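Backbone-built Cβ (ideal geometry, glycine too); neighbour counts: all protein chains shown. What follows is calculated from the coordinates using simple rules that are stated; it is not laboratory data.
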Amino acid sequence: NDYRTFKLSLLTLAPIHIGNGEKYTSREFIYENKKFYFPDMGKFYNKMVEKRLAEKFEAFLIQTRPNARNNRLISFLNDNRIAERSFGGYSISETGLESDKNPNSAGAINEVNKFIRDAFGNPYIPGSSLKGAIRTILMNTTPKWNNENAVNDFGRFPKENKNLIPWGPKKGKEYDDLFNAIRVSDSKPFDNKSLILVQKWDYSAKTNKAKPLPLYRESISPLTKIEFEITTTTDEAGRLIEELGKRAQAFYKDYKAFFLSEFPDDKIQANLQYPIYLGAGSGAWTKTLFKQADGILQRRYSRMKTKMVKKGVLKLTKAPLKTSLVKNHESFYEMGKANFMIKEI
Amino acid sequence: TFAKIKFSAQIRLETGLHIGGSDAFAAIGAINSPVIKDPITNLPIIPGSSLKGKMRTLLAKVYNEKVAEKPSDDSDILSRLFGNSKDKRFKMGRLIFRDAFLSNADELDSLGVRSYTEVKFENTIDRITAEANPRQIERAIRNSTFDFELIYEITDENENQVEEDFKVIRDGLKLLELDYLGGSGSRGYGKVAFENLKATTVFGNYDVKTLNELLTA
Amino acid sequence: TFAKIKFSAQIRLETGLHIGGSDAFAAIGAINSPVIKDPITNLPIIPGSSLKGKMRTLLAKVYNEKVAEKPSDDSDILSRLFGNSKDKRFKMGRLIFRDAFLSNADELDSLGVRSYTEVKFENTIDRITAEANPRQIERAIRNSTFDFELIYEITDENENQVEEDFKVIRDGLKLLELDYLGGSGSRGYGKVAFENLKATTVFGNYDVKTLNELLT
Amino acid sequence: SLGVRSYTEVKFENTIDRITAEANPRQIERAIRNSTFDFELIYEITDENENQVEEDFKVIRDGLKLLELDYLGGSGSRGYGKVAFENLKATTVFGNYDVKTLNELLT
Amino acid sequence: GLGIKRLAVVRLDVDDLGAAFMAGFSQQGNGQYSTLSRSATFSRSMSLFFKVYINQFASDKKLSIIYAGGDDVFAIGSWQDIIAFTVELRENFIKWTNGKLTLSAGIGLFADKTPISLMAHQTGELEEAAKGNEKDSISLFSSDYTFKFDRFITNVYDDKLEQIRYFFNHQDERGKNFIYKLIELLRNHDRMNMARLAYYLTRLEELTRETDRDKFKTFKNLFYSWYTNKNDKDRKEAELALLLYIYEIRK
Amino acid sequence: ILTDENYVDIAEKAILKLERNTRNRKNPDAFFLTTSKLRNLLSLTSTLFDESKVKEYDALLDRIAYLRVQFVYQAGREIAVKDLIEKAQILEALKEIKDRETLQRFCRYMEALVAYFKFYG
Amino acid sequence: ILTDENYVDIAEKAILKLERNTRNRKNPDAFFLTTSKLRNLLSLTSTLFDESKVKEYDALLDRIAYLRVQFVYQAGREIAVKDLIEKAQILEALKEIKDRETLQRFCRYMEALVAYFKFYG
RNA sequence: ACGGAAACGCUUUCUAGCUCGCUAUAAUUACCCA
């Protein structure tokens, strides 16, 4: 048969956070111990409204009282002595090191972004996330797919053409569609005991410091092998999937000589397999054709938080060190570093 | 003579599917690409057209020698099962598919399911200026199963052509375990498992004791 | 003596039914295959002629001897039941298929039914160049029941072929429960089922009570 | 007042051969559902008429019992019928003969 | 098999034959030309046309001139030959009578085995509807497809119908369905159907094989030219020309 | 305001009054407005117009309320559709519907707009 | 309150009533409220609008009951969101949700607010 | 002593056949404000 299957096994060096759109707020979790409890807040409200206490809950939510210890809905339940914790939702244990602040102030996390999930209650990694990470490798390592794929100044000129890849029905022409012929399937959904909720940590050049950010996305625990399939249907696509194991290294070599250099070696990790940069935290130089988006990306940021010159910030996190998967102290990962190996089946 | 038999397969979903439908009054910030669902039960259907016209292309790249370029050009190993409409003697079907209604609307509520579809958020990262373009495509969830009935006709025009055709029905029903079953496809959305391929006659008298062995192979 | 045997039944749908009406030019974004509709209430309608034609060609696959060249080239058991245009004694013979008129037009509305005809969007993928030609084709609701009746009239000419014909009529209803009754039936439309079969004499006198046992 | 556009509908229909399986379409113009029609039926009473009128009315009303079971129209074996009768009153005009025993044979 | 299985009937008639015999010649001059010799000569000329020479015009054709002469002609026959025979009779009677003495046919299309009294009366009603259309008309087939002989012969039967045959019998994509939908849009005809046809022809223009597209482009620009011409005289010609073409190509 | 004699002519000389693309001389004198950003507005009114025959007006007066939501939202996303509803006066054809025959008239107005948009490139 | 034939207009002149920057003449009449917080308001109600298509009111009224507290909390974060729920009567309209056919109407009111925000600046 | 009397424009006929709602698409980007 023409359908030459594959088997991708992926590995988490740095934590990976993927989409889900929604996020909890400062008053949507419980923190009784090393577990953060994330309940179904509709059912929390439905149990708590029985005491006629919800009007008190109307006062607590707009209450910008200081000393964040008493702002995070644990003090609401430690105050009005609601003592069940029998609500729905999921409850994940702590990263243990994303609370740079003083002990017992700790637990004052603010805005947590959910991981993508299917409806049974487990998480997974979508096939479309891996497929969009694969497409950047295949677009930045094929040297015919970097030069003319730009704006040509049609509108205000920021936009790409998006036609330089075989795309579409295209009247009269035989059906080409290279990326129809690369069919990445979804991952086998794992369990919530590999999620740690890292905090974002920005490590800039020209002010050599690691100022953290108040954005605490959920993520994947490091050293987790994840199953995937790439079942092609054209031998032209079979060439690209066979050369993934070399094009990933070539992409990383044209990356590390370009952006990871001018940032010190201790913040960088090793590879141990072939390298890939999965979504949400890797920055806009793994989501882009970066060798042509150096002068077009920085035009968009004419706002209060412009990029510092070009190639402005490197994104790190804080996870438990599991190995040693680092090469430095204080556990600064890369937030999106992952490593895969491929094989025909 | 005239008989008619029936395949009671069960499409189990594996990383479930999204058969699209178009709605002009959807929302602003909600579903803009919904699964096609039944109007009165609001369960997602796998309609029979997306099964039939998927098996048609699967077996049309396989059971053809001349490159087809159209239906009404298949090599009559297909067109006596799926029907042409330009050949004279093969206008009618001989295969009657069905819509695949969702069986386990209660073995899904046994698990922690609060809606029989799941809405996936799916941005489009512009490779220059890094900007997104979100969407919300709806899809039916993983552990669904769908009662898939398929009906095969038998007249006195099948001199020796009955048991040949189950090398076409089993070929389609384990090439759909290779293909995606309509959907985004190259982003997941397809893989399925036709459990319990259990043929039985429903009109006429026919021996299917010889038939149930080339289905469990 | 002379009698009429009305066959009250209900056509409960499954995999909702499309029976085409006008082939007229659909508006620019509108429904391309409109279903047939009662002009007063705009509800769906199964006509009696779909119910006659499909049942005709289903019993003809069973009750012939040779393959017929036309509906007039049928047997003696089907020409007396349906009607032969050629014979001198089989014109207008033994069956009036009345229409079917959406009995539960409000039990659907006690559930969550917006309107009584869904619009299934659909397409076709070309083999060479893989384009797409969509179509917005219309079909009735999955759990409608239409009102089926057949005035099987006895003629005082058979008088022992009465029960002989109901082994044919219940066979035709079994075949309609197996075949599709109008529309794109190899793409899973149609699929009728017949709730509450009941034969009842409306004129004359016959023993229909010894005859509902086969209907059951 | 029930809301309708034109008084006759056009039922589209076809014919399918049992050899070629080829269609052959028809258009049948049809008077639409739940229209009423002013039906009336003079029955004249005369001298020779007398003493049998009792079996002219278990036949007339046995005849109107039949039209609600047979079709009254062309192509009636494919629908196109089901005529019902209502307000079936038997008045009298130009005569001296009561009808108010007949009027409960009907209604 | 290129025909519909019908038979047509034409009842021609000279318009104002009585006005051609009472006055006749007194229009030219001062009442000095309506004389006896010219009257007898014109009468012999018209009987010589309508009784002898109809056999020459109907020599090869598959028809049957039932009654002919004076003014009135009543001819049954096969329908292509009937229509061509009326065309030849008018195109020789204006050559005969110099463009004076307009005649008025009315053609009716009939199935087989219909009686030739239900046929003759419907053709007579068609013919008097043609005479009441104007002084000269041919009423093809129906009481609404009324034309002029000056316009049916040139524009409908030889200009438009040969353009539709020249277009359609070159290609192998558009079949009977496109022609049927074209007649449907020509018969329904509100103003919105001009926009629906503008969408339909432009949609089908780029649906074709892209090699031979300008065949369809010069057809569709021409069809939209004689849909929206806004004279009411170039639209019914297109409808009847497509009726005659679908009649000619019926299997 | 649009009535039964002019709502196709209004659509014709409202598509013609629209402004053309300056650059892109491959297929030049073409429109800014892509076909999708207009088919995804006729998609609303086509499924209205197929429902106006079945349903009464006073059970279909939430969909017409959503019309003025969606036309305003598609206008505020790109300048092309904003220019469309300012040229072909669609908002001032949406305050004035109020009954069934005017709703079908507005649906046929939208259809005439799409038809003449497909006609002129 | 809001019925089917007013909620767009009620949502129209609300955005005409919203305050703007009195200072800062850079795209003047720029609001104090931005598109992101209004979308973060609408994302509370979108899932409810889908579950009012699929499910019933009875398995849903607890989600509606929490949605009021969601709007309460989003009011207490930013002064412009504290005012938008007062110009457009949102908390006045959340008290009156008695049906599927009122919840869908409230979600169309939220979408009308977002549409008329996007149309204006 | 009604150019009248008697007389169903009626029988037979599936809107039917064929056709994947499909093609591309990482829920992500930027770095801070009081």
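In region C:65-107, which trypsin sites (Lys or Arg not before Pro) fall in coil by DSSP and have 10 or fewer other Cβ atoms within 10 Å? For trypsin sites (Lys or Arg not before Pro) across region C:65-107 that sit outside H, G, I, E and B with at most 10 neighbouring Cβ atoms in 10 Å, the list reads C:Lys66, C:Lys88, C:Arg89.
Any idea what the relative contact order of region A:33-162 is, in percent, if you count C-alpha pairs under 8 Å spaced at least 6 apart? Display every interim value, and only then the final one.
Numbers: 74 pairs, mean separation 30.2, N = 130.
Relative contact order for region A:33-162 comes out at 23 percent.
Here the protein assembly as shown yields Rg over Rh of 1.03, to two decimals, using C-alpha coordinates and the Kirkwood radius.
Only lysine pairs 8 or more places apart, or on different chains, with alpha-carbon atoms under 15 angstrom apart are counted in chain G, and they number 8. Distances from G:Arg39 to itself in the other copies, using label points 7 Å out along the Cα-Cβ axis, amount to 2.5 nm in increasing order. Counted over all Cα-Cα pairs of chain F, pairs farther apart than 24 Å make up 25 percent.
Fully extending the segment from A:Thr5 to A:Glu111 would add 34.1 nm, taking 0.36 nm per residue of separation and subtracting the current Cα-Cα distance.
Here F:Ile1 yields copy-to-copy label distances, from shortest upward, of 3.4 nm, the label point defined as 7 Å from Cα along Cα to C-beta. Only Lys, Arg, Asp and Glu carry charge here, each on its Cβ (+1 for the first two, -1 for the last two); on that basis region B:103-179 has a dipole of about 860 debye about its Cα centre. Let me confirm the definition first: pairs of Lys residues in region E:1-150, 8 or more apart or on different chains, C-alpha distance under 18 Å. How many are there? Pairs that pass both the separation and distance tests number 12.
Between D:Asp62 and E:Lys217, the simple label model (points 7 Å from Cα in the Cβ direction) yields a spacing of 7.9 nm.
How big is D for region A:40-88, in µm² s⁻¹ as a whole number, if Stokes-Einstein is applied with the Kirkwood radius of its Cα pairs at 10 °C and 1.306 mPa s? Before the final figure, lay out each step's value.
Working: Rh = 11.4 Å.
In µm²/s, the coefficient is 139.
Note the per residue figure in Å³ for the convex hull of the C-alpha positions in region A:47-171. Please report the intermediate quantities before stating the final value.
On the way: hull volume 36.5 nm³, N = 125.
Measuring per residue, one finds 292 Å³ for the Cα hull of region A:47-171.
Size descriptors for region B:1-92 (Cα atoms only): Rg and Dmax, in that order, 17.8, 58 Å. For G:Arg39 and A:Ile62, the FRET efficiency from 1/(1 + (r/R0)^6), where r spans their Cβ atoms and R0 equals 22 Å, is about 0.55.
May I ask you to order D:11-24, G:74-87, A:12-25 by the average number of other C-beta atoms within 10 Å around their residues, highest value first? Mind dumping the intermediate values first?
On the way: D:11-24: 14.1, G:74-87: 17.5, A:12-25: 21.4.
Ranked by mean Cβ neighbours within 10 Å, highest first: A:12-25, G:74-87, D:11-24.
Apply the Debye scattering formula to chain A, with a single equal point scatterer on each alpha-carbon and no solvent, then give log10 I(q)/I(0) at q = 0.13, 0.14, 0.15 Å⁻¹. With no solvent term, the Cα-only Debye profile gives -1.09, -1.20, -1.31. Think of region C:1-143 as having a plus end and a minus end, set by charges on the Cβ of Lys, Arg, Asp and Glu; of C:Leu58, C:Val35, C:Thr15, C:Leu58 sits farthest toward the positive end of this dipole. Per-residue ellipticity at 222 nm computed for chain E from its helices equals -14000 deg cm²/dmol, with DSSP H segments shorter than 4 residues left out and the rest contributing -39,500 (n - 2.57). Dividing the Cα radius of gyration of chain E by its Kirkwood radius returns 1.05 for Rg/Rh.
The angle between the Cα long axis of helix E:176-188 and the main principal axis of chain E comes to about 70°, on a 0 to 90 degree scale.
Cα convex hull, region E:92-138: 80 Å³ per residue, rounded to a whole number.
List the relative contact order of chain F as a percent without decimals, with contacts defined as Cα pairs under 8 Å and 6+ residues apart.
On the way: 97 pairs, mean separation 53.2, N = 121.
Normalised by residue count, the contact order of chain F is 44 percent.
The eigenvalues of the Cα gyration tensor, multiplied by 5 and square-rooted, give region E:33-93 an equivalent ellipsoid with semi-axes of 27, 10, 9 Å from largest to smallest. Rg/Rh, computed from the Cα trace of chain C with Rh as the Kirkwood radius, has the value 1.03.
Between the helical axis of B:48-60 and the longest alpha-carbon principal axis of chain B there is an angle of about 70 degrees.
Taking every alpha-carbon pair under 8 Å whose residues sit at least 6 apart, chain B reaches a relative contact order of 38 percent.
One residue of chain F places its C-beta nearer than any other to the axis carrying F onto G; that residue and its whole-Å distance are F:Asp50, 3. Among the trypsin sites (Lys or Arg not before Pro) found in region E:104-177, those both in a DSSP coil and sparsely packed, with 13 or fewer other Cβ atoms within 10 Å of their Cβ, are E:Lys113, E:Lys135. Distance from the alpha carbon centroid of region B:99-154 to that of region E:141-187 works out to 52 angstrom. Counting from the shortest, the label point at G:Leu91, 7 Å from Cα toward Cβ, is 3.1 nm from the same position in each remaining copy.
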